[PDB]
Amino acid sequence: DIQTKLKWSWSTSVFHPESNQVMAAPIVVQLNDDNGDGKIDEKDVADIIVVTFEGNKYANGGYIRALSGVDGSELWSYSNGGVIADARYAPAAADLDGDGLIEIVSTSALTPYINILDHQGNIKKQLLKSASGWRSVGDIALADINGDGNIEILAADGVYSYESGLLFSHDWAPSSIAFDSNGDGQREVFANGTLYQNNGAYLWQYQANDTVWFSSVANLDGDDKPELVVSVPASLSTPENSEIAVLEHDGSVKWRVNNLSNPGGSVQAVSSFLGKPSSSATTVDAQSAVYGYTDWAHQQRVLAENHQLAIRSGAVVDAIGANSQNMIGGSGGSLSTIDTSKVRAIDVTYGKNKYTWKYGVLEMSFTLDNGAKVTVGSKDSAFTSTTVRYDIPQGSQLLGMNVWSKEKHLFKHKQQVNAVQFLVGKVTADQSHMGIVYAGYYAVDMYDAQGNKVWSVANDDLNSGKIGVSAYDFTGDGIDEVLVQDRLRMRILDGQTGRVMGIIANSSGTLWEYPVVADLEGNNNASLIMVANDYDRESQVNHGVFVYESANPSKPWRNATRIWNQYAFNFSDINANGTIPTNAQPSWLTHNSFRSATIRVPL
């Protein structure tokens, strides 16, 4: 079990003491100079931003409050009278203008502007919204979607430039995200089932039975392309309209589920829940014999990159490498490539070269899984030769080669491959460790990448059907646990089985908030942050913000993000200091997670 103890809590204020309920996910960013060095950066203690409301008035706006990561004390003076934001959606934060200080982006149905606050809670910029009222209120995500160095704001009624304001309008969407769907370097915008180019041009639209709420991007199959996970919560009286679905980059359905035994669901977390990322990796575990002549040559290992090997060859096999720039062998021959994932056998011809009278590899003939043959070199180069076949074992793939090439007393343009050896390994599904988890009206359900349900854990959310989840590796074994919330309890669930590993009393009427793990101090021992409200008789335990830490000093919560800057958090769109990258590498090819706090190194 995971043992916890309270780090601090916030439940009251001298500024509007009646506004003390919270029902939107917390945000974590640096807002003050804790160490007194005149700067605000990752050396300080990250802070919490929430929106508070009074009683049951969560639909009528609330106050943005900044809470110190150290002790929960309020960092702001509210000398401006406070800033109203919608209390149902978390704001978003980042250093938008590059001055080293965090800005906070939010809006409400009561203002015609997107309000951008400085780190002290005072208005800094305003952008006139496309829509008014409830149609202009939803999630906000921050990204540089066209790579021009300026940050775009993805809001409920359109996409905005921090500098120039509204770029294009769209119908109300509770959720928007950006990702490069087609590999052209530009990020498209996905909102309420519609994929737009970043100028607003329509690309495609997933036809659903009700509003499409939050989405995740991840790699859930065997290619380098992104997949999209989407939730349609519908309502408890129209459960036939709810679903969870995985879409391909072109909008086609990979799989979808309508589950009448657990309808609803507005948001998911996607992460390494079913195993460690390494448990899905294909590694070398066997090899062929050595074919050819090893005298006066040093064995050098060549592993295939992107399941490809490069080969230069003419009359004979001259050089082999992972790519054309890092090749073992002589300088001659023309260039070809081999798709190693398709190779099922290789015939190697080695012997005395009739042109030079040297001994080496004269030809290799690859048999592919479709029966086609790819050859390099030529058997006709032999004065004498031997031909041998190596079969790739069933269930294994060709992963690389050991290559011998003699240099002594040879011109570089006459050096060649003198011996070869094939390296193979057992094949495994590239995403067998990945899971998709979400909460419905009745339970938290975990799915594998193919749409098979792995487990279901009863979780009372009859009042909403949209409650959120997040992910974090509390135990430190490389596999994320699931963080869940219902009317009365926050719980930690085992990723592989759903077993309950921790329970914390924490009440909420529930909307779509989730708990957050973040390493506030940066010393590799994280904090667990959750919001609470007690206005409803069926969820009357506590109210405010409650922050926990590991109760066992020999069990620190390691490798947690220093920052959780928006509701659609997935690392790749934020740096630790709060700046936003101009061209971030694709999340689905690095940590391949969404709404996980766990810092992961790719591959």
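Note that residue numbering follows the sequence shown and begins at 1.
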Of the two stretches 367-375 and 224-232, which shows the higher Cα B-factor on average in the entry?
-> 367-375
Got a sec? Mean C-alpha B-factor, which is higher, 22-30 or 38-46?
-> 38-46
Which of these has the highest Cα B-factor in the record: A518, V444, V388, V482?
-> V388
Tell me which of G138, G425, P91, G495 tops the list for C-alpha B factor in the record.
-> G425
By the entry's values, the third containing the CA B factor of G465 is the middle
Of the three thirds of the chain ranked by Cα temperature factor, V547 occupies the lowest
Would you mind checking where the Cα B-factor of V601 ranks among the modelled residues of its chain, as the lowest, middle or highest third?
-> highest
Going by the recorded CA B-factors, say which third of the chain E538 sits in, lowest, middle or highest.
-> highest
The third of the chain into which the C-alpha temperature factor of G62 falls is the lowest
